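First, one chain by itself: the form deposited in one PDB entry, in structure tokens.
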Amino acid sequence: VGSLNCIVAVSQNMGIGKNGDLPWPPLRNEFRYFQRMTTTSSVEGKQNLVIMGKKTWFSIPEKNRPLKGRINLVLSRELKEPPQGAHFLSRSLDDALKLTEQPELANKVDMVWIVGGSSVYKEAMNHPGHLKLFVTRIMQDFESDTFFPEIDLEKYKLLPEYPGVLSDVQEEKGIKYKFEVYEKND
């Protein structure tokens, strides 16, 4: 795997979760952006892979699991087999990426997307080589119990724009937010 993508939405106080759900009310177009970015592949015969922690898996509504049109891989040190509805299970991020080149998946995966939680983001963001971070900045404070790790500008550049990503401030349900893309190459 020559590149990884992370995607996250974060409040001004760096919050990503509260009580097993999001800290803010549902933002429909923001969710549609997460869906569009994690699902879209123009490579015939392949699908994207989403990698997530166990708590993040159980935070997805049951009727929406597995995330449609994507190969769903959960990370856990405890489980014997993937949680019901998931496609694959790995004991670490390293193992997950290695699984993509075994026969079952060799001819099958396009882009890899890391979708949380905190521990999964931290490790991915230090992983060697090319990595993009798609960060939605929710422009308000929200009470939270789960937080996004700091972005090290020694390694990451904020890109001025990005094809297919809106540049202007967005608003839904009276809450302002903006889409950012960060990149590192080494």
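Note that residue numbering follows the sequence shown and begins at 1. Note that the rigid core is defined as the largest set of C-alphas that superpose within 1.5 Å between two forms.
- For the segment pair 98-106 and 69-77, the entry gives 98-106 the higher mean B-factor, averaged over Cα atoms.
- Look at the mean CA B-factor for 49-57 and for 150-158 in the entry; the higher one is 150-158.
- Of the candidates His127, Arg137, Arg36, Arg28, the deposited coordinates give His127 the top C-alpha B factor.
- In the deposited entry, the Cα temperature factor of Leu133 places it in the lowest third of its chain's modelled residues.
- Annotation for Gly15: C-alpha temperature factor in the middle third relative to the rest of the modelled chain, per the entry.
- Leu93: CA B factor lies in the highest third for its chain, per the PDB record.
- Annotation for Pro23: C-alpha temperature factor in the middle third relative to the rest of the modelled chain, per the entry.
- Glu180: CA B factor in the lowest third of modelled residues in this chain (values from the PDB entry).
Although it is not shown, the form deposited in another entry is what the next lines describe.
- Core-aligned CA deviation for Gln102 between this form and the one not shown: 2 Å or greater.
- Once both forms are fitted on their core, a CA shift of 2 Å or more is seen for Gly45 between this form and the one not shown.
- One change in the other entry concerns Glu104 and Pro83, whose Cα atoms lie at least 3 Å farther apart than in this form.
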